[PDB]
Amino acid sequence: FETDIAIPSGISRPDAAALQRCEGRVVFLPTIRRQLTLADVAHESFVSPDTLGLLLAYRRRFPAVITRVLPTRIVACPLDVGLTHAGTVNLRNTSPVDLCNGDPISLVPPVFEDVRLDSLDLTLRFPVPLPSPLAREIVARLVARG
Amino acid sequence: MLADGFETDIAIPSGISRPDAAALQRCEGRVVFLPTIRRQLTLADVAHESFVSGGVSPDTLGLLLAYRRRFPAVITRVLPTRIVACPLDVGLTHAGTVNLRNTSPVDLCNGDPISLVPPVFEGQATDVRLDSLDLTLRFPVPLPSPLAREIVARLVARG
Amino acid sequence: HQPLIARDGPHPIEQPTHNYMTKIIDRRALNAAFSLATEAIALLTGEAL
Amino acid sequence: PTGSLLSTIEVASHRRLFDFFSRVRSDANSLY
Amino acid sequence: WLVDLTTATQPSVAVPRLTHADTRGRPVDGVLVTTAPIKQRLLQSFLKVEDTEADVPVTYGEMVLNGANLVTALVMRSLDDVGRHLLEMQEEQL
Amino acid sequence: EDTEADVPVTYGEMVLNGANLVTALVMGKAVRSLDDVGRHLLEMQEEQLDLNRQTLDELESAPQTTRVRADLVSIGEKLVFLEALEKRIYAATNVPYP
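Protein chains in written order, with this note's numbering: chain A, 1 to 146; chain B, 1 to 159; chain C, 1 to 49; chain D, 1 to 32; chain E, 1 to 94; chain F, 1 to 98.
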């Protein structure tokens with residue numbers, strides 16, 4: 001099973017190049033649905049929320065990893081219902097952390113370091129796929145700083 | 001299949017009146033506590049008769065402590081000869097989607113984690129009793145999780 | 001039968017259903033009286049003794 | 001015996017063929 | 001308001017063998033029953049008599065016996081001929 | 001008193017006179033097209049005779065009885081099968097003999 005996130009028309013030349021770079025990257029959709037607009041994906045749909053507001057929102061929403069990117073629509077498959085049927089979906093690091101084999105990987109809001117489409121007037125924040133034994137560390141270090 | 005789904009067969013006995021047989025068909029999406037992951041069980045195992053301790057039928061707080069020693073399963077189709085369930089600890093279905101049913105007075109929303117709670121509320125203690133078999137079926141209440149942490153806190157702090 | 005509309009995407013709800021309806025007959029009765037005097041039965045019958 | 005009196009043993013039963021092909025929502029008293 | 005009379009009712013279940021119709025054969029989906037000072041008022045200004053003579057069924061329907069208990073006996077001819085007597089009575093029910 | 005008995009082999013069958021159900025789609029609303037539901041009653045009630053005229057004619061013609069070796073003991077005024085059943089059936093299975 002694969003969802004379709006249709007890009008609204010009015011795409012400039014660097015804006016098609018920026019969406020071309022996010023091939024193997026994690027996207028949160030609200031509800032599993034065939035027709036889906038890009039504005040429900042973007043950071044405008046999250047209102048700006050803080051780190052606690054993202055951690056709440058990343059559990060009510062349903063994560064999806066992008067497949068191939070068509071010039072008209074973004075084809076993504078969700079991690080809950082569409083991955084048990086298919087075999088294996090590629091996933092790209094945005095982390096400074098090297099992934100090892102056999103790790104369980106959770107997701108963290110982008111604390112460390114933003115693909116913005118200027119013609120569409122929206123930003124895009126994407127989560128950081130780092131392993132779960134570090135996820136209970138990196139959060140716990142930074143809370144201990146504050 | 002073996003990994004994706006697991007169908008149990010809760011058998012229905014011979015002698016059941018139709019006032020009792022037409023009550024089970026209204027129990028389509030429920031939550032059923034199997035003690036094991038056997039594929040053939042009976043209604044005397046599911047019901048509150050098998051729930052009793054040594055002589056003592058426990059109250060709503062001890063009703064919690066013998067839930068988590070068991071296996072929650074959801075009925076998927078009520079046949080005349082058997083009830084087919086799916087234990088949640090193994091796997092849902094091939095498609096991974098099983099329909100539940102609200103017994104709560106509370107609406108659900110998307111992405112809310114469901115914890116199950118005993119029939120604790122007033123106007124809620126609805127036990128489907130089968131008269132020909134002397135069987136009550138105390139069905140638990142699927143609630144959202146931020147309710148289920150309140151009610152357990154209301155019951156533990158009361159004792 | 002309960003009729004079906006098909007929907008797209010993932011399949012959230014249904015298995016096809018029946019309904020067996022039973023309704024109880026209410027019984028009534030209708031009366032109409034009718035009389036004949038003895039002056040006329042002697043005409044309808046035939047001969048006398 | 002030639003003056004005896006047999007009889008057919010009758011089996012009356014409520015078969016339900018169509019509960020297995022689809023869902024049913026019948027009443028409590030449907031001798032269908 | 002006369003539409004609100006006819007759109008508050010969900011249509012029925014059974015389809016009769018013989019249907020009330022026009023001269024054209026168009027079927028009818030209901031009956032208004034009024035009084036005479038109302039009926040002769042609705043016919044002049046408010047409503048339209050589209051047809052005058054209807055087609056109405058004459059024969060009442062009947063029944064077909066669908067299944068009954070098989071109870072026989074014979075006074076004793078082999079033992080199997082009670083079974084061949086069971087087929088004598090089902091043939092009489094056709 | 002005896003060693004070899006006469007034993008029937010065939011099972012027993014039935015005469016079905018069941019309550020029948022009719023579901024047939026009808027294209028159109030005419031008189032002759034709605035009577036075909038009625039004809040379907042007597043088309044299927046006729047077929048129950050075609051099954052039941054076979055099941056009596058099979059049992060008349062089937063090989064009924066064979067010859068079976070089993071112990072026969074007379075007690076009082078009647079014959080009785082004397083039988084012990086923990087060598088034929090329950091041998092080398094983990095079942096208690098009931």
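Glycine included, every Cβ here is placed at the ideal spot set by N, Cα and C.
Cross-strand partners of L34 of chain B (DSSP beta bridge): Taking the second sequence and counting its residues from 1, the one referred to as residue 34 of chain B is at position 34. The partner list for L34 of chain B (beta bridge, DSSP) reads B:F71.
Distance between beta carbons of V115 of chain A and residue 147 of chain A, contact taken as under 8 Å: As shown, chain A starts at 1 and ends at 146. That puts residue 147 of chain A outside it, with no answer to give.
According to DSSP, is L135 of chain B helix, strand or coil? In the second sequence, residue 135 of chain B corresponds to position 135, counting from 1. Residue state, collapsed to three classes: strand.
Taking 8 Å as the threshold (C-beta atoms), are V24 of chain D and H18 of chain C in contact? In the third sequence, the residue the question calls residue 18 of chain C occupies position 18. In the fourth sequence, the residue the question calls residue 24 of chain D occupies position 24. Result yes, Cβ atoms of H18 of chain C and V24 of chain D sit closer than 8 Å.
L2 of chain B (DSSP reduced to helix, strand or coil): Stepping through the second sequence from its first residue, residue 2 of chain B is reached at position 2. In this structure, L2 of chain B counts as coil in the three-state DSSP scheme.
Run through chain B and tell me which residues come within less than 9 Å of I13 of chain C, C-beta to C-beta. Counted from its first residue, the third sequence places residue 13 of chain C at position 13. Residues of chain B passing the Cβ test: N99.
Buried or exposed: where does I7 of chain A fall if 16 or more other Cβ atoms within 10 Å of its Cβ makes it buried? Looking up residue 7 of chain A in the first sequence gives position 7. Label assigned to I7 of chain A: buried.
Within 10 angstroms of its Cβ, does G82 of chain A collect 16 or more other Cβ (buried), or is it exposed? In the first sequence, counting from the first residue as 1, residue 82 of chain A sits at position 82. By the neighbour-count rule (16 or more Cβ atoms within 10 Å), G82 of chain A is buried.
Got a sec, what are the start and stop residues for the beta strand (DSSP E) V75 of chain A sits in? Working through the first sequence from its first residue, we reach residue 75 of chain A at position 75. It spans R73 to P78 - the beta strand (DSSP E) in which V75 of chain A sits, taken as one unbroken run.
Quick one: any contact between the region 2 to 21 of chain B and the region 37 to 57 of chain B, if contact means 3 or more CB pairs under 8 Å? yes
Evaluate the contact criterion for the region 27 to 35 of chain E versus the region 42 to 50 of chain F: three or more CB pairs, one atom per stretch, below 8 Å. no
Using CA atoms only, rank isn't needed, just tell me which of F:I75, F:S74, F:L16 and F:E60 is closest to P8 of chain F. To locate residue 8 of chain F, count along the sixth sequence from 1; it is residue 8. Selected option, being the one with the closest Cα: F:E60.
Note down, in chain order, every chain D residue with its Cβ under 7 Å from the Cβ of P16 of chain C. Reading the third sequence from its first residue, position 16 is the one you call residue 16 of chain C. In chain order: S22 and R23.
Short of 8 Å Cβ to Cβ, which residues in the region 13 to 38 of chain A face chain C? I32, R33 and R34
Is the region 119 to 138 of chain A touching the region 95 to 105 of chain A in the sense that three or more CB pairs, one from each, lie closer than 8 Å? yes
Please report the residue range of the alpha helix (DSSP H) in which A140 of chain A lies. Residue mapping note: residue 140 of chain A aligns to position 140 of the first sequence, counting from 1. Unbroken alpha helix (DSSP H) run through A140 of chain A: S132 to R145.
Under 7 Å Cβ to Cβ from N93 of chain A, same chain only, skipping five residues before and after it: list those, please. Numbered from its first residue, the first sequence carries residue 93 of chain A at position 93. Within the same chain, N93 of chain A has close Cβ partners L99 and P129.
Hey, quick one: how far does the alpha helix (DSSP H) through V37 of chain F stretch, first residue to last? For the purposes of this step, residue 37 of chain F is identified with residue 37 of the sixth sequence, where counting begins at 1. Per DSSP, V37 of chain F belongs to the alpha helix (DSSP H) from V31 to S61.
Which chain B residues are close to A28 of chain D, counting only those with a beta carbon under 7 Å from its beta carbon? Translated into the one-based positions of the fourth sequence, residue 28 of chain D becomes position 28. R18, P19 and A22, listed in chain order.
Please check if any C-beta of chain D sits within less than 8 Å of the C-beta of residue 160 of chain B. This structure leaves residue 160 of chain B out entirely; chain B is present only between 1 and 159.
How about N110 of chain B: is its C-beta nearer than 8 Å to some C-beta of chain A? Walking along the second sequence from the start, residue 110 of chain B turns up at place 110. Chain A, which has a Cβ nearer than 8 Å to the Cβ of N110 of chain B, makes this yes.
I'd like the span of the beta strand (DSSP E) that includes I105 of chain A, first residue to last. One-based indexing of the first sequence puts residue 105 of chain A at position 105. Premise fails: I105 of chain A is in no beta strand (DSSP E) and is neither H nor E.
Compare the Cα-Cα distances from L2 of chain B to each of B:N99, B:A66 and B:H94 and report the closest residue. Within the second sequence, residue 2 of chain B is the residue found at index 2, counting from 1. Nearest of B:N99, B:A66 and B:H94 to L2 of chain B, Cα basis: B:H94.
With a cut-off of 8 Å on the beta carbons, I'd call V74 of chain B and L137 of chain B a contact; round off their distance for me. Taking the first residue of the second sequence as 1, we reach residue 74 of chain B at position 74. Taking the first residue of the second sequence as 1, we reach residue 137 of chain B at position 137. Actually they do not touch by this definition, with Cβ atoms about 14 Å apart.
Relative to the alpha-carbon of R77 of chain B, which residue among D:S22, D:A28 and D:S26 has its alpha-carbon at the smallest distance? Along the second sequence, read from residue 1 onward, the residue named residue 77 of chain B stands at position 77. Comparing Cα-Cα distances from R77 of chain B to each of D:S22, D:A28 and D:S26, the minimum goes to D:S22.
Return the CA-CA distance between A66 of chain B and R16 of chain D, expressed in angstroms with no decimal places. Looking up residue 66 of chain B in the second sequence gives position 66. Looking up residue 16 of chain D in the fourth sequence gives position 16. Cα to Cα, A66 of chain B sits roughly 37 Å from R16 of chain D.
Measuring only between beta-carbons, confirm whether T84 of chain A sits less than 8 Å from chain B. In the first sequence, the residue the question calls residue 84 of chain A occupies position 84. It does: the Cβ of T84 of chain A has a partner Cβ on chain B nearer than 8 Å.
In angstroms, rounded to a whole number, what distance separates the CA positions of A12 of chain D and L43 of chain B? Mapped onto the fourth sequence, residue 12 of chain D falls at position 12. Mapped onto the second sequence, residue 43 of chain B falls at position 43. About 26 Å.
Which chain D residues are close to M76 of chain E, counting only those with a beta carbon under 9 Å from its beta carbon? Translated into positions along the fifth sequence, residue 76 of chain E becomes position 76. Within 9 Å Cβ-Cβ: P1, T2, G3, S4, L5 and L6.
Exposure label - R7 of chain C; buried when at least 16 CB within 10 Å: Here residue 7 of chain C refers to the residue found at position 7 of the third sequence. By the 10 Å Cβ count, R7 of chain C comes out exposed.
Exposure label - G83 of chain E; buried when at least 16 CB within 10 Å: In the fifth sequence, counting from the first residue as 1, residue 83 of chain E sits at position 83. Counting Cβ neighbours within 10 Å, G83 of chain E comes out buried, since at least 16 surround it.
Are there 16 or more other CB atoms within 10 angstroms of the CB of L2 of chain E, so buried, or fewer, so exposed? Position 2 of the fifth sequence, counted from the start, is the residue given in the question as residue 2 of chain E. When all chains shown are included, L2 of chain E counts as exposed.
Using DSSP bridges, identify the partner residues of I10 of chain B. Translated into the one-based positions of the second sequence, residue 10 of chain B becomes position 10. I10 of chain B is bridged to B:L41 and B:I83.
For a test of the three-state rule: what should DSSP assign to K23 of chain C, helix, strand or coil? Here residue 23 of chain C refers to the residue found at position 23 when the third sequence is read from its first residue. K23 of chain C: coil per DSSP, three-state reduction.
Cross-chain neighbours of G67 of chain E in chain F, by beta carbon under 8 Å: Position 67 of the fifth sequence, counting from 1, holds the residue named residue 67 of chain E. Near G67 of chain E (Cβ distances below 8 Å), the residues of chain F are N17, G18, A19 and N20.
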